[PDB]
Every structure is written in structure tokens, then in C-alpha cells.
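Geometric and topological summary
One-letter residues, chain by chain:
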Amino acid sequence: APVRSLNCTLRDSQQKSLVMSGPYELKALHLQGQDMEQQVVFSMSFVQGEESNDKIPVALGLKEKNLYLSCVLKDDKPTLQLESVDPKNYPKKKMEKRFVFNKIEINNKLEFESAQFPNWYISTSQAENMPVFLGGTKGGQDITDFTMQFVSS
Amino acid sequence: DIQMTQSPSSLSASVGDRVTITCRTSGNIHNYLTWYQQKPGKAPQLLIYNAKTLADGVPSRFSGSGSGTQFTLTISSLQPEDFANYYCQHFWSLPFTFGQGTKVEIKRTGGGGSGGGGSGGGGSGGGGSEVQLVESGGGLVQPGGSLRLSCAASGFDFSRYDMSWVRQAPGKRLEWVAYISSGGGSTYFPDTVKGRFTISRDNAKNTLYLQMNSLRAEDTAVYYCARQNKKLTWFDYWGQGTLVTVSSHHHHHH
């Protein structure tokens with residue numbers, strides 16, 4: 001296998017789970033009880049980009065779906081969105097910089113910096129039922145740290 | 001998931017022979033293979049890690065090779081003390097299980113007192129550093145019940161070293177149970193054991209607490225304390241292991 005890929009789930013500092021709101025919308029909320037299995041799993045591909053011992057360049061796409069997380073500028077502001085990439089031409093090792101995330105691990109928590117937008121990480125508000133957006137204030141009010149849980153394929 | 005396949009299961013060689021153990025994976029991990037040695041009645045030890053990296057303190061007669069989807073262990077010179085079970089492992093993704101196990105038997109014609117000595121050196125258990133993990137809490141419990149396993153950590157950094165939990169049933173391979181972060185957040189739990197177990201750590205008493213709830217018959221096995229040492233998911237030190245048996249106390253007279 002030229003490009004390896006694993007599947008894992010992401011949770012915020014409040015232990016919230018990422019769920020698909022609309023076809024191209026992601027939300028972060030508390031998921032417990034027997035509703036935990038509604039969790040969305042993301043596939044991490046070993047792409048090409050800025051690599052280090054702490055920061056690893058990986059792609060983020062929905063498991064068994066051609067929906068990938070993309071970082072673009074909308075109205076002079078960097079925003080996150082879901083792009084429907086070619087189902088037969090994706091994924092690939094050399095992915096577009098807007099689809100390349102810099103998964104860093106400073107301590108026990110992991111941070112996802114955008115390769116397209118340096119110092120901009122995936123953020124989510126502390127509040128419940130809040131959507132996912134791109135923030136440039138890591139360690140501020142909005143959650144900028146996440147967890148990684150490997151699932152069964 | 002990503003299964004493992006070893007070859008052979010058992011073999012007989014002479015003292016000084018070049019033993020070769022083949023290990024195959026169901027997924028092209030490329031370079032994420034681990035090799036462990038479990039002595040009869042003792043705790044397993046990490047001989048080879050990262051596919052081709054020897055452990056610090058491991059005999060030079062132990063070499064590891066392989067790349068891609070095929071790995072091989074090579075013993076430059078098989079000694080009578082090398083009698084044990086060799087189980088490989090992958091640290092790329094789930095389920096983080098071991099192979100079938102390869103047993104190496106030393107075929108000796110007969111030299112009278114052919115065996116060896118003990119283990120240890122100057123300072124062992126006395127004037128020197130000694131890393132030790134002692135688990136406790138095991139016993140016989142009724143199905144559906146709960147049990148709290150505790151592992152005592154000593155001889156090393158408790159807040160600098162991360163650890164995990166692995167179980168091995170009698171006459172079976174080793175299966176991952178959970179991960180217990182040194183920080184206290186990232187909770188790695190496979191869908192298989194998800195919800196069944198819960199981990200907790202005490203930095204004051206230097207001990208790990210494993211809460212086992214809603215135990216099933218398939219949970220019957222030995223639980224070993226596993227410890228890491230880097231940023232990768234590998235174990236370099238294993239505890240003694242605590243036996244947990246789930247059965248009913250309801251029995252008649254024989």
C-alpha cells in the first residue's frame with residue numbers, strides 16, 4: 001500500500017462528539033447513552049507536506065464517503081467546509097494544501113492546524129449544538145484541542 | 001480487522017542454530033512490527049520493536065527483519081534459555097492484537113545437567129534501580145458482575161511514562177484492553193471493549209485502577225500491566241498478570 005490510512009473519531013476538551021448536521025455541515029455536541037454510535041469516523045491518510053515528530057500532515061475525510069474537510073477563504077475569512085472530491089481520483093498521497101491538515105501533538109491533546117492557513121486550527125465553542133469552524137486563537141475561548149480514538153475499521 | 005499469521009507454530013533446533021520466525025499481517029503496515037518473548041511462568045519482554053530496532057539490554061543474538069506485509073525474526077544463535085513463545089504484533093491500527101505464537105524448542109541429545117542459571121545481576125532487587133509492576137485484584141466473580149484491577153508502579157516515572165492494558169487468555173494470544181493517558185483526556189477504547197472497561201490513575205499511590213463492569217464469559221483471561229516509553233504505541237515492560245475468572249458460585253457436591 002503506497003498510502004496508508006486509519007480511521008478514528010475526534011472529541012473536544014468537553015468530550016463532545018462530532019456529528020453530521022447537514023450534507024456539508026458538522027456539529028459538535030455531547031453524545032452519551034446509547035446514542036454514542038451515531039459518531040462520525042474520519043479517515044486519516046498519510047499525505048505529503050510539513051512532517052515532524054510532533055506535527056504530522058494528514059487528510060481528513062468521512063469514512064466511506066467522498067466528503068472531505070476543506071479550508072478555504074470565504075468573504076475574506078478562512079472557513080472550513082465539506083468538498084465532494086472525485087470518488088475515483090481520491091484519496092491520494094499528494095492532496096491539495098486546502099485538504100492537508102497538520103495534526104500536531106504538543107501534550108496529551110492533539111491540535112489540527114491548517115496547512116493552507118498557518119496558526120489556524122479547527123475550533124468549536126464550549127456551548128452545546130455548536131457547528132465546527134476554523135479559529136486562529138488556540139487556547140482561547142473556543143476549543144482548539146481534540147482527542148483521537150481508533151475504531152474497528 | 002488486521003489479523004496476524006505466524007509460521008511456524010513450534011520448531012526444534014540445536015544450540016547455536018539460526019532460528020527463523022515468519023510473521024505476516026493482513027495489512028501492509030510497512031514498518032510497524034513488534035516482537036515479544038514470554039518466558040514460561042514469567043512476564044513477557046520486548047526484544048524487537050519498530051520492525052528492526054533492538055531493545056536496550058536485549059541480547060545481540062536477537063535480530064529482527066522484514067518490511068511491508070512480511071516480517072521475520074532471526075536468532076543468530078539459539079540458546080537453551082531462549083525456550084519461550086514468540087508472538088509478533090502490529091502498532092499501526094486496530095485491533096492491536098498478536099499472532100498465533102511460535103514456540104522454539106531446543107533439541108538436545110542429553111548432556112546431563114543441561115539448563116542454565118538464574119536471572120539478574122549486580123544490584124538486582126537491592127542496591128540499584130529496579131522497574132517493577134505488580135497487579136492485584138484478580139479473582140472469581142459471577143457473570144455480569146464487576147471487578148477493580150489495580151497495578152502498582154515502581155522504579156520509574158509515573159507522570160512521565162504512559163501505560164496501557166493488555167490481556168492474554170490461557171492458551172491464546174494477547175489482546176488490547178485499553179489505554180490510560182498520563183494526562184487524563186484522550187481515552188482510546190476499541191468498539192469491542194467500548195463501555196465495558198474504564199480506566200483511572202492515581203499519581204499519589206502510584207497505581208492504576210481498571211474498572212471492569214458488565215463482564216462476560218469472553219472476558220475470562222489474564223490481565224497484564226503494560227507500559228510505553230515513547231510517543232508510539234508499544235509496550236516495553238509487562239507486569240506479572242492477574243487472573244480473572246467469571247463463573248457461578250452455584251455448584252453441587254462432587
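Along every chain, residues receive numbers from 1 upward following the written sequence, which is not necessarily the numbering found in the entry; those without coordinates are excluded from display. The naming scheme follows written order: chains are lettered A onward, ligands numbered 1 onward. Side-chain metrics in this entry use all non-hydrogen atoms of the structure; hydrogen atoms and water are not considered.

- This entry lists solution NMR as its structure determination method.

**Observations regarding the overall build of chain B**
- Along chain B, the regular secondary structure elements total zero helices and 20 strands.
- Its C-alpha atoms give chain B a radius of gyration of 19 Å, near enough to 18 Å, the size a compact globule of 254 residues would have.
- Taken over the C-alpha atoms alone, chain B extends approximately 50 × 50 × 45 Å along its principal axes.
- Note on classification: 1.4 Å probe, protein chains only; a residue is buried when its accessible area is under 20% of the maximum for its type, exposed when over 50%, partly exposed between these limits. When the 254 residues of chain B are sorted by exposure, 46% land in the buried category. Only DSSP runs of H or I with at least four residues qualify as helices, and only runs of E with at least two residues qualify as strands; both kinds are numbered from the N terminus onward. With C-alpha atoms as the basis for the radius of gyration, the globule rule is written as 2.2 Å multiplied by the number of residues raised to the power 0.38.

**A closer look at unusual backbone geometry**
Residues and elements named next belong to chain B.
- Look at the link from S7 to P8: it is a cis peptide, with omega at 0°.
- Each neighbour pair has its own omega, and for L94 with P95 the value is 0°, a cis peptide bond.
- Topologically, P95 is positioned in the loop between strand 9 (85-90) and strand 10 (102-106).
- Phi at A51 takes a positive value of approximately 70°, unusual for a residue other than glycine.
- When its relative accessible area of 5% is taken as the criterion, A51 is described as buried.
- The phi torsion at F96 lies on the positive side, around 60°, for a residue other than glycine.

**Some points on the packing of aromatic side chains**
Residue and element names in this part refer to chain B.
- Each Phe, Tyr or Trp ring, with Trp reduced to its six-membered ring, pairs with another whose centre is within 6.5 Å; inter-plane angles below 30 degrees give stacked pairs, above 60 give edge-to-face pairs, and intermediate values give tilted ones. For the structure on display, the rule yields 15 aromatic pairs over all chains.
- Look at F91 and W234: their rings are 5.5 Å apart centre to centre, the planes differ by 75°, and that puts the pair in the edge-to-face class. A residue pair is termed long-range when its members are at least 10 positions apart, and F91 in the loop between strand 9 and strand 10 and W234 in the loop between strand 18 (221-227) and strand 19 (237-238) qualify at 143 residues.
- A relative accessible area of 4% means that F91 is categorised as buried.

**Focus on the side chain of A:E113**
Residue and element names in this part refer to chain A.
- Note that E113 resides in strand 9 (residues 111-114).
- Judged by its relative accessible area of 7%, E113 is buried.
- Pairing of N or O atoms within 3.5 Å defines a polar contact, subject to two protein rules: one partner must be a possible hydrogen donor and the other a possible acceptor, and residues neighboring in sequence count only if both atoms are side-chain atoms. One polar contact links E113 to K55, side chain to side chain, over a distance of 2.6 Å.
- Should any heavy atoms of two residues lie within 4.5 Å, those residues are counted as being in contact. Among all residues touching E113, those that are not within four sequence positions of it are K55, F101, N102, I104, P118, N119, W120 and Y121.

**Observations regarding the sheet that holds strand 3 (residues 19-25) of chain B**
All names here are of chain B.
- Here, strands pair whenever DSSP counts at least two bridges between them. One open sheet accounts for four strands, arranged 1-3-8-7; its pairing is antiparallel. Each having just a single partner strand, strand 1 (4-7) and strand 7 (62-67) make up the two edges of the open sheet. On average, each strand axis in the sheet is tilted by 20° relative to the strand beside it, whichever way the strands run. Only the stretch in contact is used when fitting a helix axis, every axis being a line fitted to C-alpha atoms; angles between N-to-C directions are given from 0 to 180 degrees.

**So, the state of the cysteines**
Residue and element names in this part refer to chain B.
- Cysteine sulfurs are considered disulfide-paired once they come within 2.5 Å of each other. Under the defined criterion, the tally for this structure stands at two disulfides over all chains.
- Across the disulfide from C23 sits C88; the S-S distance is 2.0 Å. Here the disulfide of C23 and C88 is right-handed, its torsion about the S-S bond being about 90°. Here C23 is found in strand 3, whereas its partner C88 is found in strand 9, with 65 residues between them in sequence.

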